[PDB]
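*Asks:* piece number one of the complex, untouched:
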Amino acid sequence: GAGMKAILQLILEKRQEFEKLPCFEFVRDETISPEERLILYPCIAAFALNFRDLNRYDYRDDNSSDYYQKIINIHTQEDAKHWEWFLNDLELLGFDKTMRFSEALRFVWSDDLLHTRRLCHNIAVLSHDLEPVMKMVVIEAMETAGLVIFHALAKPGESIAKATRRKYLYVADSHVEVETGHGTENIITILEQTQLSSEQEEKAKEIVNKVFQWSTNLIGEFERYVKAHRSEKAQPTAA
């Protein structure tokens, strides 16, 4: 209907703003070494395993007979595996450093990674009382923001993968391609053939605005971390 078309169009408008943030202009800048552009990588530690748990324990409901919830369950099974790819590339990039346990805790719970650390928390709280069709809007918005980030990160990641002859799995075109999905339908196909009540329309606008605001807060922390480390880089080793 006209409601759902406004919702999907809001997601495109937010994606077009999000794509233009300075972080992504930096990450895409082929005049800076890919090792310097990926100095933000360790910041994702505060997010990636929280995102696995969001999929496993918040999005998923294994007991639902609901049409929409079953499609969510299939998609979130796959999306909850990507944290291992994060750990794989953490090691390849030279960021899996020996440190005290307390240094790792103080890093993850840094005040400079608050928005990074709480993006999944915020989504879980938003998602607590949503019917399955409305959870599909959360997931579609969140996945749209993720695909912008990983399409950008895969640029320096693929440069290092080629130069070192190593297979990257997280900052990699393979992650973007598996995430987009191409069996079971994509959520965007389901949403395109669903009509929203006026109440669902106003809730879906709140959802899209929040997911993009929280994602922009995360990207702002990445930008400030990069600025505090431009004198630092990833330390990949050539195979």
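*Replies:* Looks like it arrived, so ask away. Residues are numbered from 1 along each chain as shown, chains lettered A, B, ... in the order given.

*Asks:* now stretch A:53-62, how far from the centre of its chain.
*Replies:* Centroid separation between stretch A:53-62 and its chain, computed with Cα atoms, centre = their mean, to the nearest Å, is 16 Å.

*Asks:* Test my guess that residue A:53 contacts residue A:120.
*Replies:* Yes. Using Cβ atoms under 8 Å, residue A:53 is in contact with residue A:120, at 7.0 Å. All C-beta atoms are positioned from the backbone trio N, CA, C, and that covers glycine.

*Asks:* Comparing these two, which residue is more hemmed in?
*Replies:* residue A:120 (22 against 14; other Cβ atoms under 10 Å).

*Asks:* just checking, next helix/strand downstream of the helix or strand containing that one?
*Replies:* Assigned by DSSP states H and E, residue A:120 belongs to helix A:114-127. Downstream of helix A:114-127, the first helix or strand assigned by DSSP H and E is helix A:132-164.

*Asks:* Could you count how many residues lie near the residue nearest to residue A:124 when sequence neighbours are not counted?
*Replies:* The shortest distance from residue A:124 to any non-neighbouring residue, by Cβ to Cβ, 6 or more residues apart in numbering, is to residue A:58 (4.3 Å). Residue A:58: 19 surrounding residues under other Cβ under 10 Å.

*Asks:* who's in contact with residue A:58?
*Replies:* Contacts for residue A:58 (Cβ atoms under 8 Å, 6 or more residues apart in numbering) come out as A:120, A:123, A:124, A:127.

*Asks:* Residue A:122 now?
*Replies:* A:210, A:214.

*Asks:* can you check residue A:7 too?
*Replies:* Applying Cβ under 8 Å, 6+ apart to residue A:7 gives the contacts A:137, A:191, A:196, A:201, A:204, A:205, A:208.

*Asks:* In which helix or strand does the fourth one reside?
*Replies:* Yep, that's residue A:201 we're talking about. Here residue A:201 is assigned to helix A:198-227, by DSSP H and E.

*Asks:* sequence below should go in as chain B:
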Amino acid sequence: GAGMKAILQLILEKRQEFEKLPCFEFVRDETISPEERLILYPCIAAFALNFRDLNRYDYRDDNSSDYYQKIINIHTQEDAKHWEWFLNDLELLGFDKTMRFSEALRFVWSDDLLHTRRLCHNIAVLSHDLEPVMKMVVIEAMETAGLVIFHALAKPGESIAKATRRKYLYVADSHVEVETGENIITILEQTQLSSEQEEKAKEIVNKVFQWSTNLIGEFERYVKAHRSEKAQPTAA
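*Replies:* Below, chain B sits with the chains from the block before:
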């Protein structure tokens, strides 16, 4: 009122049941070295900094002008400091080990610490749409569970503190005494609950103790799976 009095009574009944859990009988058992009884200490890594955040970001509302919310805000300023004491005692016990960054992440996000890691998350979801007096019930319940655990942990804690002449701050009587030190139960004792608030307050107390019980189950399972990894304190 009969309502509030029923809620303060249910907190004492849940406290009495919680105190009996097998983990606490183990931690109190002075025939076991206190280094073995604190094998569970690193598990608290998946909780203590989440609890700091619960107090800073979820319980606290610096935009609020309400009377009860202002009392909560003040309470949260104290409780948001105890994570540093956790990190102090981690180092003293020999648990602040050098490891790969990925080994620290895999520890905190272990499936065997799921309930530990999600306790504050669960409290934040429970609390996010509560009026302030109902947030006070969550805080009083959660503090009641915490007082049971730190009363028990302070036994092996203060044994090691005296034996090594070091100042322990988290598994210590100073922590137990500051928890106790207007206080919230005073306000609750003088506050009248609608039937709706009484039904919700029952749910809040049941959930706080069920989630705390889940956490304590994981601590007990951890000790049984890591029976060699005793604390390694050093004499001063």
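
*Asks:* Check the neighbour count of residue A:58 one more time with chain B there.
*Replies:* If you count neighbours by other Cβ atoms under 10 Å in any protein chain shown, residue A:58 ends up with 22.

*Asks:* That one: what secondary structure?
*Replies:* Assigned with DSSP: H, G, I helix; E, B strand; the rest coil, residue A:58 falls in the helix class.

*Asks:* So it versus residue B:118, what's the distance?
*Replies:* From residue A:58 across to residue B:118, the span is 10 Å (Cβ to Cβ, to the nearest Å).

*Asks:* Which residues are in contact with the residue in chain A positioned nearest to chain B?
*Replies:* Of all residues in chain A, residue A:104 sits closest to chain B, at 3.3 Å by Cβ to the nearest Cβ. Each residue near residue A:104 by Cβ atoms under 8 Å, 6 or more residues apart in numbering or on different chains is listed here: B:99, B:101, B:104, B:105.

*Asks:* got a list of what residue A:113 touches?
*Replies:* A:43, A:46, A:107, A:221, A:225.

*Asks:* Near chain B, which residues of chain A are found?
*Replies:* Chain A comes close to chain B at residues A:42, A:45, A:49, A:52-53, A:57, A:83, A:87, A:90-91, A:95-102, A:104-109, A:114, A:117-118, A:121, A:124-125, A:128, as judged by Cβ under 8 Å from any Cβ of the partner chain.

*Asks:* Give me the most central residue, chain A.
*Replies:* Chain A has residue A:146 as the residue nearest its centroid, 3.3 Å off, counting by Cα atoms, centre = their mean.

*Asks:* what sits against the closest residue to it other than its chain neighbours?
*Replies:* Spatial nearest neighbour of residue A:146, chain neighbours left out: residue A:179 (6.4 Å); criterion: Cβ to Cβ, 6 or more residues apart in numbering or on different chains. By Cβ under 8 Å, 6+ apart, the contact list for residue A:179 reads A:79, A:82, A:143, A:146, A:147, A:150.

*Asks:* For burial, what's the neighbour tally of the second one?
*Replies:* So that's residue A:82. 19.

*Asks:* Please tell me I have it right and it contacts residue A:174.
*Replies:* No. Between residue A:82 and residue A:174 there is no contact under Cβ under 8 Å: 10.6 Å.
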